[PDB]
Amino acid sequence: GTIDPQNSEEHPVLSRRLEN
């Protein structure tokens, strides 16, 4: 949660990742 359309959010949902 709270990230871009990438891989990271291991949670039971659409993965997402965000950074600088």
# chains A, B, ... in the order shown; residues from 1 in each chain; ligands from 1
call {"tool": "residues_around", "arguments": {"residues": "residue 16 (chain A)", "least_positions_apart": "6", "cutoff": "6 Å", "atoms": "only C-alpha atoms", "output": "PyMOL selection string"}}
result
chain A and resi 3-9
call {"tool": "decode", "arguments": {"residues": "chain A", "atoms": "C-alpha atoms", "output": "PDB file, in the first residue's frame"}}
result
ATOM      1  CA  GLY A   1       0.000   0.000   0.000  1.00  0.00           C
ATOM      2  CA  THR A   2       1.128   3.526  -0.843  1.00  0.00           C
ATOM      3  CA  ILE A   3       3.476   2.850  -3.756  1.00  0.00           C
ATOM      4  CA  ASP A   4       3.850   2.865  -7.540  1.00  0.00           C
ATOM      5  CA  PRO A   5       2.763   0.087  -9.938  1.00  0.00           C
ATOM      6  CA  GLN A   6       5.748  -2.109  -9.084  1.00  0.00           C
ATOM      7  CA  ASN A   7       6.672  -5.118  -6.948  1.00  0.00           C
ATOM      8  CA  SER A   8       6.816  -4.739  -3.165  1.00  0.00           C
ATOM      9  CA  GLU A   9       3.377  -4.785  -1.542  1.00  0.00           C
ATOM     10  CA  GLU A  10       3.468  -8.460  -0.564  1.00  0.00           C
ATOM     11  CA  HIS A  11      -0.004  -7.869   0.873  1.00  0.00           C
ATOM     12  CA  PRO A  12      -2.971  -9.722  -0.680  1.00  0.00           C
ATOM     13  CA  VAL A  13      -3.281  -7.165  -3.477  1.00  0.00           C
ATOM     14  CA  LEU A  14      -1.660  -5.711  -6.596  1.00  0.00           C
ATOM     15  CA  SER A  15       2.031  -5.385  -5.736  1.00  0.00           C
ATOM     16  CA  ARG A  16       3.407  -1.839  -5.709  1.00  0.00           C
ATOM     17  CA  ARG A  17       6.686  -0.048  -4.995  1.00  0.00           C
ATOM     18  CA  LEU A  18       7.797   3.585  -4.779  1.00  0.00           C
ATOM     19  CA  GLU A  19      11.032   5.439  -4.030  1.00  0.00           C
ATOM     20  CA  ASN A  20      13.083   8.566  -4.730  1.00  0.00           C
TER      21      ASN A  20
END
